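Reviewing the structure listed below.
Protein chains: 2
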Amino acid sequence: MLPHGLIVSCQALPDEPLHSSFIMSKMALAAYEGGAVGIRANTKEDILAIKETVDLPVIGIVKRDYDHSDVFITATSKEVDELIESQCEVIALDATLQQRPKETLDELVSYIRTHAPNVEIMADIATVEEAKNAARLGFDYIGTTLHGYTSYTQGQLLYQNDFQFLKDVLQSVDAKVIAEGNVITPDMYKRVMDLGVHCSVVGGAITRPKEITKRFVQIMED
Amino acid sequence: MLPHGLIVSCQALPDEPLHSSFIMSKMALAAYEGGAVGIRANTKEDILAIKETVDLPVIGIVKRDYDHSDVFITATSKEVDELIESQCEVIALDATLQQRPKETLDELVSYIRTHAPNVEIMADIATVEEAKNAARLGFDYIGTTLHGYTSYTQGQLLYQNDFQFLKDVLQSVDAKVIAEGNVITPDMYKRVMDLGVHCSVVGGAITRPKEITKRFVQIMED
Ligand SMILES: CC(=O)N[C@H](C=O)[C@@H](O)[C@H](O)CCOP(=O)(O)O
Ligand SMILES: CC(=O)N[C@H](C=O)[C@@H](O)[C@H](O)CCOP(=O)(O)O
Ligand SMILES: [Cl-]
Ligand SMILES: [Cl-]
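For the record, the sequence lines run as chains AAA and BBB.
For what it's worth, the deposited numbering labels the leading residue of the first sequence as 1, then goes sequentially.
For what it's worth, the deposited numbering labels the leading residue of the second sequence as 1, then goes sequentially.
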């Protein structure tokens with residue numbers, strides 16, 4: 001199981017500067033050496049490289065676009081099978097009720113419980129009711145990952161109104177909740193932990209130097 | 001000349017997770033894409049890789065330890081020659097009063113003006129008196145890089161007492177001053193820029209995920 005504490009997301013998609021299984025493995029080692037308790041990573045190859053450099057538990061996803069679906073975080077059994085092969089300890093998937101290319105969310109949850117019974121699952125959700133649906137499906141973890149990143153949560157950011165959305169998720173489910181998405185600073189990390197999340201996933205604030213650089217530059221441009 | 005704004009230090013020494021000319025070239029790309037106006041980098045190998053990735057001006061150093069000297073930032077003509085070969089726009093060196101392994105600081109300054117007349121020079125100093133000595137030697141930039149990092153500045157950090165050390169440096173010299181050392185947040189970057197530095201160097205806050213991870217973990221340990 002994931003400990004309490006800091007999960008570092010070590011992702012770099014094609015065309016991002018640090019894109020490379022190798023580099024993500026080194027970002028993960030850096031996170032490990034700074035006191036991270038887990039890693040979140042994207043694609044079987046990045047996960048396998050990371051698992052060569054750290055024994056931290058990994059939350060695995062496959063970001064892959066499908067025609068006629070806005071679901072891209074572990075959309076189908078093809079991505080699930082890649083992640084089972086990766087041996088990541090936790091499989092994260094979009095747990096919205098948006099249209100998927102193939103299996104439904106219920107079918108992907110059954111698929112994972114049948115084919116990878118020792119793997120934990122994590123629901124990336126955007127709304128309280130998606131969170132409650134995930135809790136009902138027996139998700140091990142419910143993350144705020146997609147809050148602000150679906151067509152229907154545009155402009156919503158986890159931290160808004162002192163983490164009201166996070167407070168509402170924590171109030172609505174007994175499952176382990178993960179503060180993920182727009183945890184930008186140590187102060188935000190402390191706040192989500194004090195609000196009672198099991199753990200927090202921090203990505204861009206640690207592993208996206210372009211995004212960190214932009215925050216430094218923006219302070220001069222207000 | 002270096003513009004006003006943010007210089008990103010893209011360094012990873014041999015024991016650090018990201019040690020690699022290729023990775024530091026990508027950190028530099030990320031800095032560029034985020035709005036940096038320059039790069040500080042270490043070793044000819046890293047500098048050449050960065051200079052083929054971005055056209056941003058580079059402050060080059062070679063960190064290399066010598067016996068019977070505490071000077072490790074561009075200590076001798078050997079490091080200077082590596083930086084001349086690198087074609088970096090600015091050569092930075094330890095510009096402390098500390099005894100060097102070979103040439104004196106004064107000797108090295110003469111050497112650079114002779115052997116690389118088109119290169120600007122940056123004085124990494126620890127004290128106001130070293131800043132004044134650097135102005136004496138005609139340095140183009142005076143950075144606060146070694147303030148707190150010498151045997152005679154123990155316990156001091158750039159930000160202490162609302163950047164009093166930086167205020168004292170800026171009052172002491174007419175040369176372009178660079179805020180470097182422990183500039184860890186956008187707030188600190190804003191502050192040193194508002195105090196009148198030419199530019200600021202931010203390293204670990206952007207390019208050392210281990211260091212950033214430690215600050216996240218640390219807020220849960222206070
Ligand atoms: C919507 C989406 O794709 N999210 C990604 C999912 O893996 C990453 O953003 C991940 O959550 C990283 C943590 O977010 P941040 O960079 O700290 O804001
Ligand atoms: C004393 C020393 O070795 N300094 C290094 C000089 O290259 C780095 O610290 C460099 O100044 C980068 C700025 O420091 P930070 O990583 O932003 O805190
Ligand atoms: Cl980046
Ligand atoms: Cl690091």
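Positions of the beta carbon are idealized from the N, C-alpha and C atoms, including for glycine.
Does the beta carbon of residue i come closer than 9 Å to any beta carbon on chain BBB?
i          : result
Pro186/AAA : yes
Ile219/AAA : yes
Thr213/AAA : yes
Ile112/AAA : no
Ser172/AAA : no
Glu33/AAA  : yes
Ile23/AAA  : yes
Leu137/AAA : no
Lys26/AAA  : yes
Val80/AAA  : no
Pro57/AAA  : no
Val169/AAA : no
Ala36/AAA  : yes
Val109/AAA : no
Which residue comes first and which comes last in the alpha helix (DSSP H) that contains residue i?
i          : result
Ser77/AAA  : 77 to 86
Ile212/AAA : 209 to 219
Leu48/AAA  : 44 to 53
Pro186/BBB : 186 to 194
Would you mind working out which of the options sits nearest residue i, comparing C-alpha positions?
i          : options                                        : result
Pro57/BBB  : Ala30/BBB, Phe139/BBB, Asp67/BBB, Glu120/BBB   : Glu120/BBB
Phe165/BBB : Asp187/BBB, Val197/BBB, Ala135/BBB             : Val197/BBB
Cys88/AAA  : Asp194/AAA, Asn118/AAA, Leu13/AAA, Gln154/AAA  : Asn118/AAA
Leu157/AAA : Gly138/AAA, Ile206/AAA, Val183/AAA             : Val183/AAA
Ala205/AAA : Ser110/AAA, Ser9/AAA, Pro3/AAA, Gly5/AAA       : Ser9/AAA
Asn161/AAA : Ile84/AAA, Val201/AAA, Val192/AAA              : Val192/AAA
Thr207/AAA : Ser151/AAA, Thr76/AAA, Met1/AAA, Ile39/AAA     : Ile39/AAA
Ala126/AAA : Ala116/AAA, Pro101/AAA, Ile112/AAA, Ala179/AAA : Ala179/AAA
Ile112/AAA : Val71/AAA, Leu83/AAA, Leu195/AAA, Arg64/AAA    : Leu83/AAA
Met188/AAA : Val169/BBB, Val217/BBB, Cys199/BBB             : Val217/BBB
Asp124/BBB : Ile59/BBB, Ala12/BBB, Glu103/BBB               : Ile59/BBB
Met24/AAA  : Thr76/AAA, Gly34/AAA, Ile47/AAA                : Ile47/AAA
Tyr152/BBB : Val128/BBB, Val169/BBB, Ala134/BBB, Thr43/BBB  : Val128/BBB
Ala28/AAA  : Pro17/AAA, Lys51/AAA, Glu16/AAA                : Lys51/AAA
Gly203/AAA : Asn42/AAA, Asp15/AAA, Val90/AAA                : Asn42/AAA
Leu18/AAA  : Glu33/BBB, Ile7/BBB, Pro14/BBB                 : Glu33/BBB
Return the bridge partner residues of residue i from the DSSP annotation.
i               : result
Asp162/AAA      : DSSP, once it has assigned bridges, lists no residue as partnering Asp162/AAA.
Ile7/BBB        : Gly38/BBB, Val201/BBB
residue 224/AAA : Only positions 1 to 222 of chain AAA appear in this structure, which leaves residue 224/AAA out of reach.
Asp124/AAA      : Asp94/AAA, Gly143/AAA
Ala179/AAA      : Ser200/AAA
Taking the beta strand (DSSP E) that residue i falls in, what are its first and last residues?
i               : result
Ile61/AAA       : 58 to 61
residue 291/AAA : In the structure as shown, chain AAA starts at 1 and stops at 222, and residue 291/AAA therefore has no counterpart that could be examined.
Of all Cβ atoms in chain AAA, is any one closer than 9 Å to the Cβ of residue i?
i               : result
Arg208/BBB      : yes
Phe216/BBB      : yes
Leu29/BBB       : yes
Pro117/BBB      : no
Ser20/BBB       : yes
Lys51/BBB       : no
residue 223/BBB : With chain BBB covering 1 to 222 only, the question about residue 223/BBB has no answer from this structure.
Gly5/BBB        : yes
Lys102/BBB      : no
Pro14/BBB       : no
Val202/BBB      : yes
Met193/BBB      : yes
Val128/BBB      : no
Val197/BBB      : no
Check: Just the residues with CB closer than 7 Å to a heavy atom of ligand 4, in chain order, which are they?
Finding: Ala30/AAA, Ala12/BBB, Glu16/BBB, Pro17/BBB, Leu18/BBB, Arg208/BBB, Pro209/BBB, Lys210/BBB, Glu211/BBB
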